[PDB]
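I have placed the structure first, in the form of structure tokens, so that the comments after it can refer back to it.
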Amino acid sequence: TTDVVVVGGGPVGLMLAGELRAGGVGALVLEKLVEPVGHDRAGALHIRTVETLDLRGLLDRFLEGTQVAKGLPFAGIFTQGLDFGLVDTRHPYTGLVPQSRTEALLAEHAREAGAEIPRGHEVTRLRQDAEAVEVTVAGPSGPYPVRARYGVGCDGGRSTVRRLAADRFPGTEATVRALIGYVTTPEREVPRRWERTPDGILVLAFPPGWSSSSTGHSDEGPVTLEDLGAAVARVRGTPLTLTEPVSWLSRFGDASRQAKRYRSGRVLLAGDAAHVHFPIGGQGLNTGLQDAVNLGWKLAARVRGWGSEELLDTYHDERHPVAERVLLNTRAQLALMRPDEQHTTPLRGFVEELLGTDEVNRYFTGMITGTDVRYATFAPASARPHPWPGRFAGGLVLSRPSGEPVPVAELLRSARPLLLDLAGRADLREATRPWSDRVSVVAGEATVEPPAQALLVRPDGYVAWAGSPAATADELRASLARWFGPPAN
Amino acid sequence: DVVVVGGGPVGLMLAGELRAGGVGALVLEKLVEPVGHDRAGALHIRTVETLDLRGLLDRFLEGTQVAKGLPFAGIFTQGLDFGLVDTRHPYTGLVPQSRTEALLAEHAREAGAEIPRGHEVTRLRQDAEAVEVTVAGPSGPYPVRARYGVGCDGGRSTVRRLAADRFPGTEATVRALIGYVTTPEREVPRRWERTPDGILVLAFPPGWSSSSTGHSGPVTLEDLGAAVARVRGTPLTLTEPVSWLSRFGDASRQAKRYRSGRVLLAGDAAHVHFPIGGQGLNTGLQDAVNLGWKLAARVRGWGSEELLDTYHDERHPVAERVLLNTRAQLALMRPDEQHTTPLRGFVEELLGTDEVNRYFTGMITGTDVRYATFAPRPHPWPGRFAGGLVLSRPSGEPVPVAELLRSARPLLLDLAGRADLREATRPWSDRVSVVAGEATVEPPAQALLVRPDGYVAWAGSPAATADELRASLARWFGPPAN
Ligand SMILES: Cc1cc2nc3c(=O)[nH]c(=O)nc-3n(C[C@@H](O)[C@H](O)[C@H](O)COP(=O)(O)OP(=O)(O)OC[C@H]3O[C@H](n4cnc5c(N)ncnc54)[C@@H](O)[C@H]3O)c2cc1C
Ligand SMILES: Cc1cc2nc3c(=O)[nH]c(=O)nc-3n(C[C@@H](O)[C@H](O)[C@H](O)COP(=O)(O)OP(=O)(O)OC[C@H]3O[C@H](n4cnc5c(N)ncnc54)[C@@H](O)[C@H]3O)c2cc1C
């Protein structure tokens with residue numbers, strides 16, 4: 001009676017709302033807070049994310065803010081930063097876009113897309129039936145129930161929705177404290193502006209923003225200014241700090257927890273509600289948005305009819321393995337940034353040396369920026385899959401008449417699966433007539449590397465099925481029926 | 001002639017190289033009955049390659065070496081693959097240090113070097129022409145004069161003390177107790193490394209080792225049981241007669257100068273590190289071979305002062321890195337499940353990469369060592385190791401350059417055909433010119449002035465004139481004949 005209800009007006013939530021509308025489904029976002037607050041957590045959108053935004057024509061809107069970094073760094077190692085030039089991408093850079101500004105854009109997009117955004121409605125409880133779900137809400141006018149076919153949790157890390165459906169979501173206890181907060185130019189008139197990793201902690205100051213991580217800290221009331229000064233026990237000179245009017249200033253730990261199932265019947269999880277990690281390398285919102293886009297088109301499909309149950313299960317099948325690795329890279333990154341001068345500095349030396357290597361630099365570059373993600377869904381047996389299944393195609397360019405460059409990124413904005421003819425294969429095209437909602441665009445791309453004559457491309461940029469010369473129409477027939485349900489009458 | 005202090009491996013080796021170099025060698029060893037037992041050894045490729053240059057390799061292969069090769073920092077899934085590095089000997093010699101000393105001693109005995117076992121050194125004194133060491137023998141004290149004195153004792157080298165060299169380094173914060181014991185309790189435990197939270201243990205028979213991170217008289221058996229606080233089940237242990245059993249720390253100290261006038265340092269007397277990856281004796285023996293021929297030369301006349309200075313210039317940078325790799329290795333070896341396990345995962349993944357596996361493989365086994373001495377740009381072969389090349393020429397018979405260096409003399413390999421260079425090398429004494437063909441030469445090379453230690457001193461591309469080589473010889477091996 002109200003299609004799909006997403007809980008949380010965060011980035012992930014707004015994104016998911018857009019993809020649901022772009023997918024022809026009613027979206028409803030209930031956001032706890034009333035006046036959005038990003039401030040801290042100042043954001044940074046990496047390549048795979050940026051590439052993804054291009055598939056939605058949203059990239060143009062984010063480039064008014066001067067992104068940059070081509071790119072680096074990694075675990076406080078600056079001498080040999082991550083070089084984006086080593087990975088195949090049409091967008092070899094990161095969008096330095098403050099999360100506050102990001103939410104602003106995503107909200108505006110969902111508003112115009114036709115999705116209600118009541119800001120100021122916390123969710124008290126839930127209840128999952130066999131056909132639909134009901135969420136108890138607490139609005140200014142007062143409480144009220146709400147029915148919808150599916151409910152997705154896109155709130156914070158303390159997701160109530162995760163609680164109310166019981167999902168754990170194990171993870172590790174925090175042993176790293178990190179206090180941050182903006183406080184411009186109090187004492188000293190031009191200290192320093194380096195990261196610096198003393199013995200006892202690692203600080204990061206800036207004047208004409210302070211950040212301090214302590215390793216080995218597990219009753220506490222909210223965090224105070226004087227709380228931050230002593231936290232700078234890592235430095236000799238004791239600025240602390242001072243005032244200097246306060247701004248935001250928060251505290252963060254290195255608990256690495258993650259939902260054991262992204263799905264529980266007809267409840268789903270995304271963004272921080274599904275994975276929680278230390279804020280190192282700015283992978284949080286990146287992983288979230290991509291979770292959203294991966295689910296959006298899949299869920300919208302399930303609702304409208306063609307989206308099968310198997311299809312929805314793949315959301316977790318694909319996105320869980322990804323976040324696992326994020327939690328791990330952040331935990332290992334912390335090991336590399338450890339405040340030990342006796343073993344860890346030596347190690348950092350060697351590691352910096354390997355970041356000089358293209359092979360290894362490309363590796364960590366891929367891990368962080370997301371370019372390394374490839375899915376493994378709906379593989380046959382016995383008949384090994386093509387080299388293109390799961391690979392990302394959102395960054396290809398086509399041509400054909402006149403030799404005009406035609407970005408596949410622009411063709412996915414329709415939010416519909418594609419079939420790229422690349423070479424010339426009409427047998428496959430004709431086998432795809434019965435669709436609705438898959439379009440067949442004909443072109444001619446030489447790469448195709450490894451070679452490929454056809455690419456069944458998902459709404460999210462990733463390839464679902466790929467065709468070599470030997471691929472018959474009958475093979476593709478089944479691949480469509482499985483990915484996008486039965487043909488027309 | 002020359003007095004080396006210490007009947008350890010390094011000391012015995014150095015003795016041999018001095019005799020092979022035509023100089024009198026005298027080894028004074030503190031202890032009377034040699035004791036290796038613990039520290040069970042392992043000789044890696046560059047070392048093995050080095051032993052081949054001395055025809056000693058044949059004698060060490062009666063014991064079944066092995067490992068082709070691995071592991072690395074307790075990471076077994078993806079061990080170091082020796083097959084990725086260019087070498088005629090892609091393996092490590094699993095030769096117990098006790099057995100090793102046995103061989104090296106026997107070799108020096110027959111080479112003509114006195115080995116009085118049971119003569120500690122009380123003090124020293126360095127003149128302008130010679131050095132005198134005060135000794136404490138069974139018959140009683142006595143002074144001893146020699147042109148040069150090399151310290152090849154333990155890590156607590158008195159010789160290092162008596163010449164004042166520091167030798168900074170870091171304080172130990174890692175305790176490691178080891179000791180042979182069986183079958184103390186249980187007839188069914190395990191045989192894995194295992195890295196718990198709190199420490200990392202390593203048990204065996206049906207051989208105990210326990211490292212604790214965060215600990216700053218003599219060590220007892222009951223001392224070892226509690227050290228196994230890292231494990232739940234408390235074997236501890238028990239007795240089961242004892243055997244050796246010692247304690248070791250991770251202090252990473254190293255001499256600030258391998259040379260002080262006419263005193264020299266080698267082996268543990270020059271570098272000290274945690275026993276991880278068995279790089280201790282390896283680095284030592286190579287120190288010895290690098291010094292041996294250089295020092296023997298200085299004594300006999302042709303060995304210049306500049307030449308002897310290069311011993312430190314070359315060998316110091318090497319041990320620095322060893323200390324560092326061991327310290328970083330310890331960082332990789334836990335005992336943190338919260339950050340360090342995750343890191344080990346990624347690192348294991350990179351050890352799957354050939355490029356990276358080749359890297360760590362080179363670092364450990366020594367294959368990555370290349371010197372940078374007497375540069376004018378230099379050829380691609382200066383400093384590179386040549387001891388593993390094969391020659392041919394008539395009949396097409398394989399002729400290992402390893403076999404030609406046993407004479408302990410510098411060589412000049414003609415490879416291609418360059419007589420202008422040969423004729424320019426007639427005046428020597430003690431450099432020999434062997435003619436042969438080798439297509440590799442990779443990067444290409446027509447001539448290779450090879451040091452007694454396997455490493456290339458000077459290399460020749462077609463453009464290299466006789467005049468260039470002329471100077472290169474005069475600098476490396478002193479003036480020509482009359
Ligand atoms: C210091 C720091 C620096 C960071 N830097 C980067 C970076 O550079 N690049 C990058 O990509 N990521 C970065 N991150 C990641 C970070 O921004 C988060 O991971 C990201 O905001 C998560 O997306 P989300 O929408 O799911 O979370 P949120 O934004 O927290 O979603 C919260 C929303 O749902 C909330 N909510 C909670 N409970 C309910 C309920 N019961 N009912 C209704 N609503 C509810 C609402 O309050 C709401 O505003 C950083 C994080 C930190 C702490
Ligand atoms: C548990 C353990 C395991 C190891 N495993 C390996 C491995 O697998 N591979 C590897 O390459 N290395 C390994 N090592 C390193 C180890 O073998 C040393 O590097 C080697 O013993 C040092 O050689 P050395 O001769 O210079 O010192 P030593 O062997 O200690 O020689 C010292 C000798 O001179 C001593 N001496 C001291 N003072 C005097 C004096 N005043 N007068 C006369 N003599 C004196 C005598 O005691 C004497 O026996 C290991 C070390 C330990 C502790």
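Letters A, B, ... go to the chains of the structure tokens in the order shown; residues in each chain start at 1; ligands are counted from 1 in the same order.
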Long-range neighbours of residue 310 (chain B) as a list in words, 12 Å cut-off, only C-alpha atoms, 6 positions minimum in chain:
residues 257, 258, 259, 287, 290, 291, 294, 295, 303, 304, 316, 317, 371, 372, 373, 374, 383, 457 and 476 of chain B
Quick one: write out the picked residues with N, CA and C atoms as a CSV table (one decimal), in the first residue's frame?
```csv
chain,number,residue,atom,x,y,z
B,257,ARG,N,81.4,1.3,12.7
B,257,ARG,CA,82.4,1.1,11.7
B,257,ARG,C,83.0,-0.3,11.8
B,258,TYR,N,83.0,-1.0,10.7
B,258,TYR,CA,83.6,-2.4,10.6
B,258,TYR,C,85.1,-2.3,10.8
B,259,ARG,N,85.7,-1.2,10.5
B,259,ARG,CA,87.1,-1.0,10.7
B,259,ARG,C,87.5,0.2,11.6
B,287,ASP,N,80.2,-11.8,5.1
B,287,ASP,CA,81.1,-10.8,5.6
B,287,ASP,C,82.6,-11.3,5.5
B,290,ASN,N,84.1,-11.6,1.9
B,290,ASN,CA,84.3,-10.2,1.4
B,290,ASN,C,85.5,-9.6,1.9
B,291,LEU,N,85.8,-9.9,3.2
B,291,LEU,CA,87.0,-9.4,3.8
B,291,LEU,C,88.3,-10.2,3.5
B,294,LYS,N,90.3,-9.4,0.5
B,294,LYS,CA,90.7,-8.0,0.5
B,294,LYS,C,91.8,-7.7,1.5
B,295,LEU,N,91.7,-8.4,2.7
B,295,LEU,CA,92.7,-8.2,3.7
B,295,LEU,C,94.0,-8.9,3.4
B,303,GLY,N,97.0,-5.2,-2.0
B,303,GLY,CA,95.8,-4.7,-1.4
B,303,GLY,C,95.9,-3.2,-0.8
B,304,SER,N,95.3,-2.3,-1.5
B,304,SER,CA,95.4,-0.9,-1.1
B,304,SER,C,94.6,-0.6,0.1
B,316,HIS,N,78.3,-3.1,5.6
B,316,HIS,CA,77.5,-2.4,6.5
B,316,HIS,C,76.1,-2.1,6.0
B,317,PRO,N,75.9,-1.6,4.8
B,317,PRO,CA,74.6,-1.3,4.2
B,317,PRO,C,73.8,-2.6,4.2
B,371,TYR,N,77.0,-4.7,-5.0
B,371,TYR,CA,77.8,-3.6,-4.5
B,371,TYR,C,77.9,-2.4,-5.4
B,372,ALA,N,78.3,-1.2,-4.9
B,372,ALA,CA,78.5,0.0,-5.7
B,372,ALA,C,79.8,0.6,-5.3
B,373,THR,N,80.9,0.1,-5.8
B,373,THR,CA,82.2,0.5,-5.4
B,373,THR,C,83.0,0.9,-6.6
B,374,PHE,N,83.8,2.0,-6.4
B,374,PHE,CA,84.7,2.5,-7.5
B,374,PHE,C,84.0,2.9,-8.7
B,383,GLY,N,79.4,-4.7,-9.6
B,383,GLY,CA,78.8,-5.0,-8.3
B,383,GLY,C,77.9,-6.2,-8.3
B,457,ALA,N,83.9,-6.5,-10.5
B,457,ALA,CA,84.6,-5.3,-10.1
B,457,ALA,C,84.5,-4.2,-11.2
B,476,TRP,N,91.8,-1.4,-8.4
B,476,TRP,CA,91.3,-2.6,-7.7
B,476,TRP,C,92.4,-3.5,-7.1
```
Within-6 Å residues of ligand 1, basis only C-alpha atoms and all ligand atoms, as a PyMOL selection string:
chain A and resi 7-13+30-33+41-45+122-123+154-156+159-160+271-273+279+282-286+288
Those residues with N, CA, C and O atoms, as a compact mmCIF listing (two decimals), in the first residue's frame please?
```txt
# COMPACT_ATOMS: atom_id res chain seq x y z
N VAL A 7 14.49 3.40 5.32
CA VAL A 7 14.65 4.06 6.60
C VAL A 7 15.99 4.77 6.69
O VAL A 7 17.02 4.12 6.86
N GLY A 8 15.98 6.09 6.59
CA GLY A 8 17.21 6.86 6.72
C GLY A 8 17.42 7.83 5.58
O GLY A 8 17.45 7.45 4.42
N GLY A 9 17.55 9.11 5.93
CA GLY A 9 17.75 10.15 4.93
C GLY A 9 19.21 10.39 4.67
O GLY A 9 19.60 11.46 4.20
N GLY A 10 20.04 9.41 5.00
CA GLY A 10 21.47 9.49 4.75
C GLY A 10 21.74 9.43 3.26
O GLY A 10 20.81 9.30 2.47
N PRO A 11 23.01 9.51 2.87
CA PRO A 11 23.38 9.39 1.46
C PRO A 11 22.82 8.10 0.87
O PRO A 11 22.00 8.14 -0.04
N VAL A 12 23.27 6.96 1.40
CA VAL A 12 22.80 5.65 0.95
C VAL A 12 21.28 5.60 0.75
O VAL A 12 20.79 5.07 -0.24
N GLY A 13 20.54 6.15 1.71
CA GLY A 13 19.09 6.15 1.66
C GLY A 13 18.52 6.97 0.51
O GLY A 13 17.63 6.52 -0.20
N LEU A 30 11.88 7.75 5.30
CA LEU A 30 11.61 8.32 6.61
C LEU A 30 12.93 8.57 7.33
O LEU A 30 13.65 7.63 7.66
N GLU A 31 13.24 9.84 7.55
CA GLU A 31 14.50 10.25 8.17
C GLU A 31 14.30 10.72 9.61
O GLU A 31 13.48 11.60 9.87
N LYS A 32 15.06 10.14 10.53
CA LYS A 32 14.99 10.50 11.95
C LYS A 32 15.10 12.02 12.18
O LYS A 32 14.14 12.65 12.62
N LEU A 33 16.26 12.59 11.87
CA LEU A 33 16.51 14.02 12.08
C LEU A 33 15.63 14.91 11.21
O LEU A 33 15.01 14.43 10.26
N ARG A 41 32.87 14.05 8.93
CA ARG A 41 32.84 12.98 7.95
C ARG A 41 33.06 13.49 6.52
O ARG A 41 32.79 12.77 5.56
N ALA A 42 33.54 14.73 6.40
CA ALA A 42 33.83 15.34 5.10
C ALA A 42 34.24 14.27 4.10
O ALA A 42 35.19 13.53 4.33
N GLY A 43 33.52 14.20 2.98
CA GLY A 43 33.58 13.05 2.09
C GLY A 43 34.59 13.07 0.95
O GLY A 43 35.32 14.04 0.76
N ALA A 44 34.60 11.98 0.20
CA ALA A 44 35.53 11.79 -0.90
C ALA A 44 35.11 10.60 -1.77
O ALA A 44 35.18 9.45 -1.34
N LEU A 45 34.67 10.89 -2.99
CA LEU A 45 34.14 9.86 -3.88
C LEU A 45 35.19 9.33 -4.86
O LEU A 45 35.67 10.06 -5.73
N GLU A 122 11.19 9.35 13.13
CA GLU A 122 11.93 8.17 13.59
C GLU A 122 11.04 6.93 13.54
O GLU A 122 9.82 7.05 13.62
N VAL A 123 11.65 5.76 13.40
CA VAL A 123 10.89 4.51 13.31
C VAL A 123 10.95 3.72 14.62
O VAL A 123 12.02 3.29 15.04
N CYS A 154 18.41 1.94 5.75
CA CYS A 154 19.49 2.81 5.29
C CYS A 154 19.77 3.91 6.30
O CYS A 154 20.08 5.04 5.93
N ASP A 155 19.66 3.57 7.58
CA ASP A 155 19.96 4.50 8.66
C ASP A 155 21.44 4.47 9.00
O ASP A 155 22.28 4.17 8.15
N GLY A 156 21.77 4.80 10.25
CA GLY A 156 23.16 4.86 10.67
C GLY A 156 23.76 3.48 10.88
O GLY A 156 23.31 2.50 10.31
N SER A 159 21.63 1.18 13.35
CA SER A 159 20.37 0.89 12.68
C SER A 159 19.36 0.18 13.58
O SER A 159 19.62 -0.93 14.06
N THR A 160 18.22 0.82 13.81
CA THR A 160 17.15 0.19 14.55
C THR A 160 16.59 -0.95 13.72
O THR A 160 16.30 -2.03 14.24
N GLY A 271 24.42 0.44 3.25
CA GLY A 271 25.28 1.43 3.86
C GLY A 271 25.71 1.03 5.26
O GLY A 271 25.86 -0.15 5.56
N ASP A 272 25.88 2.03 6.13
CA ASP A 272 26.41 1.79 7.47
C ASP A 272 25.56 0.80 8.25
O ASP A 272 26.05 0.15 9.18
N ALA A 273 24.30 0.67 7.86
CA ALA A 273 23.40 -0.26 8.53
C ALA A 273 23.83 -1.70 8.28
O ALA A 273 23.30 -2.63 8.89
N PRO A 279 37.19 4.93 9.97
CA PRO A 279 37.19 5.89 8.85
C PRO A 279 38.59 6.14 8.29
O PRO A 279 39.15 7.22 8.49
N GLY A 282 38.56 6.76 3.43
CA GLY A 282 37.28 7.18 2.91
C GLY A 282 36.60 6.15 2.02
O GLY A 282 36.33 6.41 0.85
N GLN A 283 36.31 4.99 2.60
CA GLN A 283 35.65 3.92 1.87
C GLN A 283 34.22 3.70 2.34
O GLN A 283 33.49 2.87 1.79
N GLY A 284 33.80 4.44 3.36
CA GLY A 284 32.49 4.24 3.96
C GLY A 284 31.33 4.52 3.03
O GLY A 284 30.57 3.62 2.67
N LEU A 285 31.18 5.78 2.64
CA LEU A 285 30.07 6.21 1.80
C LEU A 285 30.17 5.60 0.41
O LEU A 285 29.16 5.28 -0.22
N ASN A 286 31.41 5.44 -0.07
CA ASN A 286 31.65 4.79 -1.36
C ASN A 286 30.99 3.43 -1.42
O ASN A 286 30.18 3.16 -2.31
N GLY A 288 28.74 2.29 0.48
CA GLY A 288 27.32 2.47 0.70
C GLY A 288 26.56 2.77 -0.58
O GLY A 288 25.65 2.02 -0.96
```
Residues within 8 Å of ligand 2, counting only C-alpha atoms and all ligand atoms: report them as a compact mmCIF listing (two decimals) with N, CA and C atoms, in the first residue's frame.
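File produced: out06.txt:
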```txt
# COMPACT_ATOMS: atom_id res chain seq x y z
N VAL B 5 89.82 -13.24 16.20
CA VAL B 5 89.34 -13.59 17.53
C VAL B 5 87.98 -14.26 17.48
N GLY B 6 87.94 -15.57 17.69
CA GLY B 6 86.68 -16.29 17.70
C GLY B 6 86.69 -17.51 16.80
N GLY B 7 86.43 -18.67 17.40
CA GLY B 7 86.40 -19.91 16.65
C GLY B 7 85.02 -20.22 16.12
N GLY B 8 84.19 -19.18 16.01
CA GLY B 8 82.86 -19.34 15.47
C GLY B 8 82.92 -19.62 13.98
N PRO B 9 81.76 -19.81 13.35
CA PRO B 9 81.72 -20.01 11.90
C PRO B 9 82.46 -18.89 11.19
N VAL B 10 81.96 -17.67 11.32
CA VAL B 10 82.58 -16.50 10.70
C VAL B 10 84.11 -16.50 10.85
N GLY B 11 84.59 -16.83 12.04
CA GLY B 11 86.01 -16.82 12.32
C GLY B 11 86.77 -17.88 11.56
N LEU B 12 86.25 -19.10 11.56
CA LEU B 12 86.85 -20.19 10.81
C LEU B 12 86.88 -19.87 9.32
N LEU B 28 92.15 -17.47 17.77
CA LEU B 28 92.10 -17.71 19.20
C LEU B 28 90.63 -17.80 19.64
N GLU B 29 90.22 -18.98 20.07
CA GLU B 29 88.84 -19.23 20.46
C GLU B 29 88.68 -19.36 21.98
N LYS B 30 87.76 -18.58 22.54
CA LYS B 30 87.50 -18.60 23.98
C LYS B 30 87.28 -20.01 24.53
N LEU B 31 86.19 -20.65 24.10
CA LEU B 31 85.83 -21.99 24.58
C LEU B 31 86.84 -23.05 24.15
N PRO B 34 83.92 -26.96 21.36
CA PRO B 34 82.93 -26.23 20.57
C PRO B 34 81.51 -26.65 20.90
N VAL B 35 80.60 -25.68 20.98
CA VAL B 35 79.20 -25.96 21.27
C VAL B 35 78.27 -25.15 20.38
N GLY B 36 77.65 -25.83 19.42
CA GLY B 36 76.67 -25.21 18.55
C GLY B 36 75.26 -25.53 19.02
N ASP B 38 72.10 -25.46 19.95
CA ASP B 38 71.04 -24.53 19.57
C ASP B 38 71.47 -23.73 18.34
N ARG B 39 70.60 -22.85 17.88
CA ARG B 39 70.89 -22.04 16.71
C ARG B 39 70.98 -22.87 15.43
N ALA B 40 70.48 -24.11 15.49
CA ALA B 40 70.45 -25.00 14.33
C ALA B 40 70.33 -24.20 13.04
N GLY B 41 71.29 -24.39 12.13
CA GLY B 41 71.47 -23.48 11.02
C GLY B 41 70.74 -23.77 9.72
N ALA B 42 70.96 -22.88 8.75
CA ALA B 42 70.30 -22.97 7.45
C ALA B 42 70.96 -22.02 6.46
N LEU B 43 71.64 -22.58 5.46
CA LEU B 43 72.40 -21.80 4.50
C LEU B 43 71.63 -21.52 3.20
N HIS B 44 71.34 -20.25 2.95
CA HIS B 44 70.52 -19.85 1.80
C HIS B 44 71.34 -19.72 0.53
N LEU B 94 70.08 -27.03 4.68
CA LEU B 94 69.71 -27.26 6.07
C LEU B 94 70.86 -27.94 6.83
N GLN B 97 74.43 -25.66 12.58
CA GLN B 97 75.60 -24.82 12.77
C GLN B 97 76.76 -25.62 13.35
N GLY B 118 90.74 -22.50 23.37
CA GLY B 118 90.79 -22.33 24.81
C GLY B 118 91.65 -21.16 25.24
N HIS B 119 91.59 -20.08 24.48
CA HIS B 119 92.43 -18.91 24.73
C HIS B 119 91.63 -17.61 24.61
N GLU B 120 91.01 -17.18 25.70
CA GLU B 120 90.25 -15.94 25.69
C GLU B 120 91.18 -14.74 25.55
N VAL B 121 90.67 -13.63 25.02
CA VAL B 121 91.49 -12.43 24.83
C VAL B 121 91.18 -11.36 25.88
N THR B 122 92.17 -11.03 26.69
CA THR B 122 91.99 -10.11 27.82
C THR B 122 91.90 -8.65 27.38
N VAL B 135 96.45 -12.41 25.65
CA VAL B 135 95.71 -13.66 25.64
C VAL B 135 95.80 -14.37 26.98
N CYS B 152 85.95 -11.75 15.40
CA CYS B 152 84.97 -12.70 14.90
C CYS B 152 84.41 -13.54 16.03
N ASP B 153 84.27 -12.91 17.19
CA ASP B 153 83.69 -13.57 18.36
C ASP B 153 82.17 -13.47 18.34
N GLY B 154 81.56 -13.49 19.52
CA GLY B 154 80.11 -13.45 19.62
C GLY B 154 79.55 -12.07 19.37
N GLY B 155 78.37 -11.81 19.90
CA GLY B 155 77.77 -10.49 19.83
C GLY B 155 78.28 -9.61 20.96
N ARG B 156 78.73 -10.24 22.04
CA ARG B 156 79.32 -9.53 23.17
C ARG B 156 80.81 -9.36 22.94
N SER B 157 81.18 -9.23 21.66
CA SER B 157 82.57 -9.11 21.25
C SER B 157 83.39 -8.20 22.16
N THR B 158 84.41 -8.77 22.79
CA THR B 158 85.33 -7.97 23.59
C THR B 158 86.13 -7.05 22.67
N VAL B 159 86.53 -7.58 21.52
CA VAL B 159 87.30 -6.81 20.55
C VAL B 159 86.58 -5.52 20.14
N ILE B 178 63.91 -20.89 23.88
CA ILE B 178 63.93 -22.12 23.09
C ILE B 178 64.63 -23.21 23.88
N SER B 246 67.92 -21.98 25.65
CA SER B 246 68.48 -20.65 25.82
C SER B 246 67.42 -19.56 25.68
N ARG B 247 67.85 -18.31 25.82
CA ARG B 247 66.96 -17.17 25.71
C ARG B 247 67.54 -16.13 24.76
N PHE B 248 66.68 -15.52 23.96
CA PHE B 248 67.12 -14.57 22.94
C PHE B 248 66.19 -13.37 22.81
N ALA B 266 83.52 -8.72 12.13
CA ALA B 266 82.77 -9.59 11.23
C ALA B 266 81.75 -10.43 12.00
N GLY B 267 80.74 -10.91 11.29
CA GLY B 267 79.71 -11.73 11.90
C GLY B 267 78.99 -11.02 13.03
N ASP B 268 78.58 -11.78 14.03
CA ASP B 268 77.80 -11.23 15.14
C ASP B 268 78.51 -10.08 15.84
N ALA B 269 79.83 -10.05 15.74
CA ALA B 269 80.61 -8.98 16.36
C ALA B 269 80.33 -7.64 15.68
N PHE B 274 67.24 -10.22 15.87
CA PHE B 274 66.42 -11.36 16.25
C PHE B 274 66.65 -12.52 15.28
N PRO B 275 66.60 -13.76 15.78
CA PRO B 275 66.79 -14.96 14.95
C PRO B 275 65.54 -15.33 14.16
N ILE B 276 65.21 -14.54 13.15
CA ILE B 276 64.03 -14.81 12.32
C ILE B 276 64.42 -14.92 10.86
N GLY B 277 64.19 -16.10 10.28
CA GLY B 277 64.48 -16.31 8.88
C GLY B 277 65.90 -16.78 8.63
N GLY B 278 66.62 -17.09 9.70
CA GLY B 278 67.97 -17.61 9.59
C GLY B 278 68.88 -16.81 8.67
N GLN B 279 69.09 -15.54 9.02
CA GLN B 279 69.96 -14.67 8.22
C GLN B 279 71.26 -14.34 8.96
N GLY B 280 71.39 -14.82 10.19
CA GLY B 280 72.54 -14.49 11.01
C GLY B 280 73.86 -14.97 10.45
N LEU B 281 74.03 -16.28 10.42
CA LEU B 281 75.28 -16.89 9.97
C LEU B 281 75.51 -16.62 8.49
N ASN B 282 74.43 -16.58 7.73
CA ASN B 282 74.50 -16.26 6.31
C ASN B 282 75.23 -14.94 6.09
N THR B 283 74.75 -13.89 6.74
CA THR B 283 75.36 -12.57 6.61
C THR B 283 76.80 -12.59 7.09
N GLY B 284 77.06 -13.36 8.14
CA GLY B 284 78.39 -13.49 8.69
C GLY B 284 79.40 -14.07 7.71
N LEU B 285 79.13 -15.29 7.24
CA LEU B 285 80.02 -15.95 6.28
C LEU B 285 80.34 -15.05 5.09
```
Mind running chain B against chain A at 10 Å and telling me each contacting residue's nearest atom pair with the distance in Å (one decimal), counting only C-alpha atoms, chain and number ascending, as a Markdown table?
```
| residue | atom | partner | partner_atom | distance |
| --- | --- | --- | --- | --- |
| B:170 | CA | A:342 | CA | 7.8 |
| B:171 | CA | A:342 | CA | 9.2 |
| B:172 | CA | A:342 | CA | 9.5 |
| B:173 | CA | A:342 | CA | 9.0 |
| B:250 | CA | A:342 | CA | 9.9 |
| B:251 | CA | A:342 | CA | 9.9 |
| B:252 | CA | A:342 | CA | 9.5 |
| B:321 | CA | A:346 | CA | 9.4 |
| B:323 | CA | A:346 | CA | 9.2 |
| B:324 | CA | A:346 | CA | 5.7 |
| B:325 | CA | A:346 | CA | 7.2 |
| B:326 | CA | A:343 | CA | 8.5 |
| B:327 | CA | A:343 | CA | 4.8 |
| B:328 | CA | A:347 | CA | 4.4 |
| B:329 | CA | A:347 | CA | 7.5 |
| B:330 | CA | A:343 | CA | 6.6 |
| B:331 | CA | A:343 | CA | 5.1 |
| B:332 | CA | A:347 | CA | 8.1 |
| B:334 | CA | A:335 | CA | 9.9 |
| B:336 | CA | A:335 | CA | 9.0 |
| B:337 | CA | A:172 | CA | 9.8 |
| B:338 | CA | A:331 | CA | 7.0 |
| B:339 | CA | A:331 | CA | 4.8 |
| B:340 | CA | A:335 | CA | 5.7 |
| B:341 | CA | A:332 | CA | 7.6 |
| B:342 | CA | A:332 | CA | 5.0 |
| B:343 | CA | A:332 | CA | 4.0 |
| B:344 | CA | A:332 | CA | 7.8 |
| B:345 | CA | A:332 | CA | 8.5 |
| B:346 | CA | A:329 | CA | 7.7 |
| B:347 | CA | A:332 | CA | 9.5 |
| B:350 | CA | A:360 | CA | 7.8 |
| B:353 | CA | A:359 | CA | 8.6 |
| B:354 | CA | A:359 | CA | 9.9 |
| B:355 | CA | A:359 | CA | 7.7 |
| B:356 | CA | A:354 | CA | 7.8 |
| B:359 | CA | A:354 | CA | 8.9 |
| B:360 | CA | A:350 | CA | 9.8 |
```
